[PDB]
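Bear in mind these aren't lab numbers, they're just calculated from the coordinates by the rules spelled out. Backbone-built Cβ (ideal geometry, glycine too); neighbour counts: all protein chains shown.
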Amino acid sequence: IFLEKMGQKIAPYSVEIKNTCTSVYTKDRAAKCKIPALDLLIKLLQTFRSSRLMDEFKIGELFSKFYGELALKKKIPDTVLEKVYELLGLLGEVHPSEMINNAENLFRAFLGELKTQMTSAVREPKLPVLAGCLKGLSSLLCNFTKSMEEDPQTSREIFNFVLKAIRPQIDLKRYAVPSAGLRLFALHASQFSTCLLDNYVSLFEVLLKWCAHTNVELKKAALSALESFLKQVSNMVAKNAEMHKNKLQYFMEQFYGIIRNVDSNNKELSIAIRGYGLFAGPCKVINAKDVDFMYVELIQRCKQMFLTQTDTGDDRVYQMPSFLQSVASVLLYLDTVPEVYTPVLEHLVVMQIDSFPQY
Amino acid sequence: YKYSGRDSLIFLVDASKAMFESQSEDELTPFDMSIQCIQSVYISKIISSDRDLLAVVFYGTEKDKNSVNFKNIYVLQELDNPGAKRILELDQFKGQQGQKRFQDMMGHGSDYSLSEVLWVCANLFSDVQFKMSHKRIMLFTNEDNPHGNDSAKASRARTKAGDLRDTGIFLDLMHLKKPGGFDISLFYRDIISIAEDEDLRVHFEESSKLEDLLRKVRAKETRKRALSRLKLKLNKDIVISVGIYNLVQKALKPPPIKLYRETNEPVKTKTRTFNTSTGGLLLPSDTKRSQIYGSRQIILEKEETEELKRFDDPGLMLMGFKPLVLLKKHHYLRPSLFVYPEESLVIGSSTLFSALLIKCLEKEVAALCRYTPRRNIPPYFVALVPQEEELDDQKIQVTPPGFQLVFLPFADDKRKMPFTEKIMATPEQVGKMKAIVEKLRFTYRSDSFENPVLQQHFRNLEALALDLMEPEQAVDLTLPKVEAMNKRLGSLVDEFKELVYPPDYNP
Amino acid sequence: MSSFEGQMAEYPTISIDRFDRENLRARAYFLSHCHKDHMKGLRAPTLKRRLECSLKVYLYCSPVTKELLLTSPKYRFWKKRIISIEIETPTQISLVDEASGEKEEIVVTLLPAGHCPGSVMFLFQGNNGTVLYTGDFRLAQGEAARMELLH
Amino acid sequence: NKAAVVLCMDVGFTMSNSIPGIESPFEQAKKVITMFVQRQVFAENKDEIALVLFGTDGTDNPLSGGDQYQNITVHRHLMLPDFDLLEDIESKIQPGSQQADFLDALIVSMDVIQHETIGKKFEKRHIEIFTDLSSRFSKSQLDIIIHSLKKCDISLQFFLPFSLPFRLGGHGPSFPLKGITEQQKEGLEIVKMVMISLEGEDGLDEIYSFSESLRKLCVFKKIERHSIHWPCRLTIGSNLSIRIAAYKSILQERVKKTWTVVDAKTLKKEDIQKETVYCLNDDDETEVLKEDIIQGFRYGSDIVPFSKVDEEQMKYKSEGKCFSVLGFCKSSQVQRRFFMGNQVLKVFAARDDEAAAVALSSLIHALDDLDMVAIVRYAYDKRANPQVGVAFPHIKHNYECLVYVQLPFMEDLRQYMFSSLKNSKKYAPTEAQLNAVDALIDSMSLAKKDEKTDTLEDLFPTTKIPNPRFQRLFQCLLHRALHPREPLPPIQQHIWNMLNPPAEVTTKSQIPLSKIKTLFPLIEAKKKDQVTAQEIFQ
DNA sequence: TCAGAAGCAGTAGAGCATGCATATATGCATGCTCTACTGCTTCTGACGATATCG
DNA sequence: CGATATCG
Ligand SMILES: O=P(O)(O)O[C@H]1[C@H](OP(=O)(O)O)[C@H](OP(=O)(O)O)[C@H](OP(=O)(O)O)[C@@H](OP(=O)(O)O)[C@H]1OP(=O)(O)O
Ligand SMILES: [Mg+2]
Ligand SMILES: [Mg+2]
């Protein structure tokens, strides 16, 4: 907690804190006195990633020690293995210079553990180990990237593991594994070039499903993953001419159905507007016969939701800014603005200004 | 009660003048006898149950060592697991010069208050950081009326003993040899919890329980714990929860511990597999399983060898019933387990269990089942032989009620017997053998034999821990004692030999 | 929630509404009401083991709190160790130590809280002055001047 | 101790008839032969087998010259079985149009046995037959076959699609009602005659069905090797003793070939090194050698160094090769629920002398008449730990022996106190529940009284079914060796059907099961089935 | 040949923490660690018979 | 029969 409070202020004591953490991890046996011993080291490494203190930490020796511990037939508890995998993944991110000779070895370890935990027909999975492996992979792929245009096998099996992680095949109660999978997908979606361009339908469906979840961190992770996926797919469909006839019309139909739907809160409308922008921007497929359509739709919905509906709008005020941002994003696109919808707009902005103290 | 509960025992030995000077014919002083008894209990408990708590407290001394600084009360050892060093510390006072060592270290012959002694005992009982199943204080003294010429201290001690007994502390009396005579009816009749109903008269010697405590019984005791909580499946719908218990388990010596010869401390063993050529470490995900048959080489993953040996889910699938008349006694494969209902996973299992037990007992039928103890385990066929409880020895349960899980061997477990001819014997020979068998018959008890190797290992460990160079040799109780069997049969052996053997024959 | 560590600075030998870590050495337990956030450690195995090894430690609370607590089967082991105290009745509590025969008297007064059945206040008076513990109370404006025992 | 055996399978058109609801007899014979050859291969026992296919389209036989022995093809000579024969049986065995006869097949099998076992030493020679008996044959060569079998000491077994719904190996009548033709009838008569004329009446019991042969281990009956004798002396006192030989009659049968640890990339085991390193529990983790470690035990929270040499010189020394009777007692005071061991010993007499035989027979009969047992003191050799056990008489119509089962010591007894159920007022069942359980038990009876003498005849002989784990391992190894990149196949239907009672018992117990369900209430607290990772992340 | 000894994996039984929403109370459920015990698999070595040499 | 070295 103290390192979280004063991050960079602990300049001289970092080496001693790391030494004490390593000594507690080595000499002690209880996991309750061992999980914090690795959490503090992870916080140290995340706080001093760019600082020059990464030379006295001996990242190479630490990685060697933890890898030798991994190669032990004696099994450690599940909760500490998660932190071990997370730390091993972080070791490649904060100091990749000393990890060029070990990233290829660590990727095989991560892939084997993920396959053992997600392709086991004789034993139940271990969700903490899964979340740890996912976070370690998301932290290791930051520098030692593996794209489809570099090596297809690894970049495809990683994508399949991410799919199976974010796949709601069996609904659970803890969301650590799907949250880590969504964060991994959001961080490095630019590597799975041909992967996301084949199962894009199921990807979009599951991302829309997770973006409406009741959780907050899971919602943010799903939103970031959906934004990255939409950006990548829009780039791929706007760069070449063979992706238009299927993907362009599919995504345009999806966005139009999301927009013209009557039961769709501000989240889906904003997502549809952002996707339509990111797609029709570079693709140069904008047609005023539908931009004006979605503009009139948004204006009528805002009018029937905020202006005419003069009732107990407990949540409407807390979502009016998103409606205004979407309306502005749409209005900036079309060039022939209907003059009949200018009052509704001016009065709408006036009433939004009036609701300022309620925020 | 609880599985995690352990036992606690506090040795309370007096240190008055009568404890050191009672040698009528110079055989054993009451203090030396108490030290011998305490050492015997320590030795017998350090192997049987090494997780119990023992404490030795001396009262009536001159010095004092307490947590509340009471007077004339010295706590030598607190409630902890019995070790070898405490045995030596008690040995410091065992010998005759041990009495002088005691009187120079702690002193003797002083006044005391029996209330403060019980208070220190309760304080020691209240410092335990584990659950205690039984709390017992054995008082080693030779004072039939300790608080003489004073009634206030006697009433205070009686009130404190009542408080301790209300707390749940067993308080028995181990009276030693009193010269004039030890009568517990004076004072200790109202102190102890239960009276043995035979000490209405007076005693002139040691107590009858000291000889019981001096017999060092070395046998590791294990608490009751089910091997597995399976589910007897009378059908895909009718399922009841039963507990599998083992009543006969092979006793094994404790496994050794790798040590550092210099500091005599345990070392940490870390097995590790790596490539011999490159030198890089190998994880289980980077390893396959092979099995070479001739020229071929079958390659299988790690998790596939478990698929090879899995058929169904763990539990007891109920097959039909079979009479006991067709269950051969020579069809033994594994030691028989014990089935008993749990009434904790499913509600209503005990009633159906008792019904099945009664119906199988009155019909002497054995419910055949398919035994799968753990996940990914090949199934075995077992017959749930019904067992009726037997209440003997003034209503003491010697056999629990339930079913007897008996393993049945398969076709390949039975081996082939070579062909031989049945040569029989004459009625005279069979009658002679019957007579010589009736001459040597006896009564068998299941607990009449001991494992000689295990007992010898215990004796050797004691000799190496206590640093005594005279290791006790445990007499082999499994020997037939041929030096006494021939004296009973008499001259039947040579007659039977001449009857069934040729004139000249080399056996 | 209850951010209280069940230990007053003036009287550290008594713990209120908390029996988790350092309150296992207390000489007297007090329970304001029967809410779960004020009953941490009341069913702990360590406290269960301590109760069966002592005779002078008790749990003081309102009679309604005692009725609500003894009804639950998980807390029925306190049946012989709970001493209910009437409200607005100054009683003397003996903080006798178990190990040593030391003793200490303190005067406690239970005041109504108006929160839930059995909710009361604790007003202690001893050598270190007068302290007040209003655990989850509810008083309207102008009612503090109507408490007889606080005047 | 090798043993010759020639498999004679019929590949005629007769067995190729697709009966509705039942697999073809050709398929059942293929299953039986596959099980036989796979248990012969994976056991790695020195043996040579031969396969003679008769009733095929082609013709290949050493005596085929002269328009004799047509449609007889020796598909495999007397050689060690391997994966080639497995591939042959699995894939490239196809039915034939012409129907040959089993008599000329027996002739050519004798020919192979007597012209290929020349330079080899075989203590046993066997011939198995897989026919349908629905083909034409003659009656002339029967006496010649009988004489050649009695002079060459050849053992024979016959396997038919029928015994003397339908589930393959499901403990039920394999023969279809009224499905035996007159040709099959006369074939049955002649085969019963030829089996009786070989070794007596017991020869008729050497005729098994196809489904019957899959869950009885009968094909390995005349080729298994006998046990190793343990020569010792059964002493009574200091002088009286009896020369005895003891064999292991029942023993836990486990696999003999372990699973080698090889590298993932290189399938060679030499590229794997298992190193064990010892280190102190310190911060620096100083490495410790191997010669500076002393063995030590634990003695009451302490550690006492007990070196190997000190443990050896102080170890309990006993006189090995001893078997002395401690005494005698009634068989009623020693129950089988206290048996503690892993193997059963049958104590037989000496090898050849008759005096020890008569003495042991007298001992057995005396122990039987007095219904008493003989507690003995058994020890395998100088190093084995001494043990006590029961030695009760086992009298049969063919042999005499003493069965030995080890007894537990004092440290092996555990006194667990369980609550009583007879006076369990919280769980005492009602009388209607007792009647329902009675009906269920009487419905689920696995024994029956037949032949009007009212003798017991169990419908589920679990003591004769082979271990299914061995067959599963064999079929999985075969599938992986013949299909290098494919998932493991599921459990075959006959294996999963031989581990179940006959369907008649289930059909009769359907109603009592629901009746038990009605009265007895069963409420489950929380069902959390352990689902594997594949079922969650498919 | 096979008994016995390591070495490893699974579970019972206790115990504890946290996650629960706009509640300040949840108590409630759920999921994890720990430890001693049992069982299976792999490995080893002494040993006794019986083969061979004198 | 010695008694030595295998071989399981
Ligand atoms: O082959 P079965 O006719 O079915 O009967 C056999 C046979 O006993 P019988 O010849 O007296 O009927 C076996 O005797 P052996 O061949 O082993 O000498 C006997 O063996 P056990 O005495 O050891 O029980 C046991 O067969 P198995 O060895 O498989 O148990 C038994 O079987 P049934 O009692 O079921 O008829
Ligand atoms: Mg509260
Ligand atoms: Mg409250």
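A few points about this structure:
- Number of positions in the stretch D:62-82 that are buried (at least 20 other Cβ atoms within 10 Å of the Cβ) and over 14 Å from D:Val52 (Cβ atoms): 1
- Residue that is farthest from B:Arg289 (Cα to Cα), among those in the stretch D:284-305 that are exposed (fewer than 13 other Cβ atoms within 10 Å of the Cβ) and more than 7 Å from chain B (Cβ to nearest Cβ): D:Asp284
- Qualifying positions in the stretch D:253-270 - within 30 Å of B:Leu333 (Cα to Cα) and not acidic (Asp, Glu): D:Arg254, D:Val255, D:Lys256, D:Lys257, D:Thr258, D:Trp259, D:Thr260
- Of residues in the stretch C:100-119 being among the acidic types (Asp, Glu) and within 22 Å of C:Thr130 (Cβ to Cβ), the one nearest to DNA strand E (Cβ to nearest atom): C:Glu104
- Residue that is surrounded by the most Cβ atoms within 10 Å (Cβ to Cβ), among those in the stretch B:444-467 that are within 7 Å of chain D (Cβ to nearest Cβ) and among the hydroxyl-bearing types (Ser, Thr, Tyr): B:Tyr444
- Residue match in the stretch B:207-222 (condition: within 14 Å of chain D (Cβ to nearest Cβ) and farther than 30 Å from B:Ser34 by Cβ): yes
- Restricting the stretch A:81-101 to residues that are farther than 25 Å from D:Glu275 by Cα and over 22 Å from the mean Cα position of the chain (by Cα), the residue that is farthest from ligand 2 (Cβ to nearest atom): A:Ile100
- The criterion of at least 3 residues that are more than 19 Å from the chain's Cα centre (by Cα) and closer than 23 Å to D:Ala264 by Cβ is met by the following helices (runs of 4 or more DSSP H) wholly inside the stretch A:102-183: A:103-118, A:152-166.
- Breaking point among (1) surrounded by 13 or more Cβ atoms within 10 Å (Cβ to Cβ); (2) at positive phi; (3) more than 16 Å from DNA strand E (Cβ to nearest atom), for C:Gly129: (1)
- Note on the stretch C:14-43: among residues that are part of a helix (DSSP H, G or I) and more than 14 Å from chain B (Cβ to nearest Cβ), the one that is farthest from ligand 2 (Cβ to nearest atom) is C:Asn23.
- Near pairs, Cβ below 6 angstrom, 6+ apart or cross-chain, from the stretch A:135-146 (under 18 Å from A:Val80 (Cα atoms)) to any residue that is acidic (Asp, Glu): A:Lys135/A:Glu86; A:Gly136/A:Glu86; A:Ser139/A:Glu93
- Of the helices (runs of 4 or more DSSP H) entirely within the stretch B:1-108, those holding at least 3 residues that are in contact with a strand residue (DSSP E or B) (Cβ under 8 Å, 6 or more places away or on another chain) and more than 14 Å from chain D (Cβ to nearest Cβ) occupy B:30-48.
- Within the stretch B:389-429, the residues that satisfy the criterion of being more than 7 Å from chain D (Cβ to nearest Cβ), more than 30 Å from D:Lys256 (Cβ to Cβ) and loosely packed, with under 15 Cβ neighbours inside 10 Å are B:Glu390, B:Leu391, B:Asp392, B:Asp393, B:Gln394, B:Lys395, B:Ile396, B:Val398, B:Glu421, B:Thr426, B:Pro427, B:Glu428.
- Residue-level check: of (1) in contact with a helix residue (DSSP H, G or I) (Cβ under 7 Å, 6 or more places away or on another chain); (2) of a type outside the set (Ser, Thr, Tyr); (3) surrounded by 15 or more Cβ atoms within 10 Å (Cβ to Cβ), C:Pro117 misses just (3).
- Restricting attention to the stretch B:222-259, the residues that are more than 14 Å from DNA strand E (Cβ to nearest atom) and within 17 Å of D:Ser301 (Cα to Cα) add up to 0.
- Every residue from the stretch B:331-378 that is at the interface with chain D (Cβ under 7 Å from one of its Cβ atoms) and either farther than 28 Å from D:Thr463 by Cβ or among the hydroxyl-bearing types (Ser, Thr, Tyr) (or both): B:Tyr332, B:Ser336, B:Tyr340, B:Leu345, B:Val346, B:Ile347, B:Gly348, B:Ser350, B:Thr351, B:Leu352, B:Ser354, B:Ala355
- Failed condition for D:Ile154, given (1) farther than 18 Å from D:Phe26 by Cβ; (2) out of contact with any strand residue (DSSP E or B) (no Cβ under 7 Å at 6 or more places or on another chain); (3) aliphatic (A, V, I, L, M): (2)
- Taken over the stretch B:247-291, the criterion of being hydrophobic (A, V, I, L, M, F, W, C) and either at the interface with another protein chain (Cβ under 7 Å from one of its Cβ atoms) or under 13 Å from D:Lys274 (Cα atoms) (or both) is satisfied by B:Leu247, B:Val248, B:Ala251, B:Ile257, B:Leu259, B:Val267, B:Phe274, B:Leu281, B:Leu282, B:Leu283.
- No other residue among B:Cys369, B:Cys360 is assigned to a helix (DSSP H, G or I) and of a type in the set (A, V, I, L, M, F, W, C) apart from B:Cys360.
- For D:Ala481, the test of being of a type in the set (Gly, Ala, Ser) and surrounded by 16 or more Cβ atoms within 10 Å (Cβ to Cβ) is passed.
- Within the stretch D:441-491, the set of residues being farther than 30 Å from D:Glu87 by Cβ, more than 7 Å from every other protein chain (Cβ to nearest Cβ) and either in contact with a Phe, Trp or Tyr (Cβ under 6 Å, 6 or more places away or on another chain) or within 13 Å of ligand 1 (Cβ to nearest atom) (or both) comprises D:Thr455, D:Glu457, D:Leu459, D:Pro461.
- Residue in the stretch A:6-22 that is within 14 Å of another protein chain (Cβ to nearest Cβ), loosely packed, with under 14 Cβ neighbours inside 10 Å, more than 16 Å from DNA strand E (Cβ to nearest atom) and small (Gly, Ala, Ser) present: no
Conditions tested, residue by residue: (1) among the charged types (D, E, K, R); (2) in contact with a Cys (Cβ under 8 Å, 6 or more places away or on another chain).
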| position | (1), (2) |
| --- | --- |
| B:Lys231 | yes, no |
| B:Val248 | no, no |
| B:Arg261 | yes, no |
| B:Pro266 | no, no |
| B:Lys270 | yes, yes |
| B:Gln291 | no, no |
| B:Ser295 | no, no |
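- Any chance B:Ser349 is surrounded by 15 or more Cβ atoms within 10 Å (Cβ to Cβ), closer than 25 Å to D:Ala436 by Cα and hydroxyl-bearing (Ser, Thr, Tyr): yes
- C:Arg49 meets the conditions (1) more than 14 Å from chain B (Cβ to nearest Cβ); (2) away from ligand 2 (no atom under 16 Å from the Cβ) in every case but one. The failed one is (1).
- Residue, farthest from the other protein chains (Cβ to nearest Cβ), within the stretch B:310-330, restricted to residues that are part of a strand (DSSP E or B) and not aromatic (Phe, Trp, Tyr): B:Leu316
- Spans of strands (runs of 3 or more DSSP E) in the stretch B:213-286 with at least 2 residues more than 19 Å from B:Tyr371 (Cα to Cα): B:257-260, B:268-275
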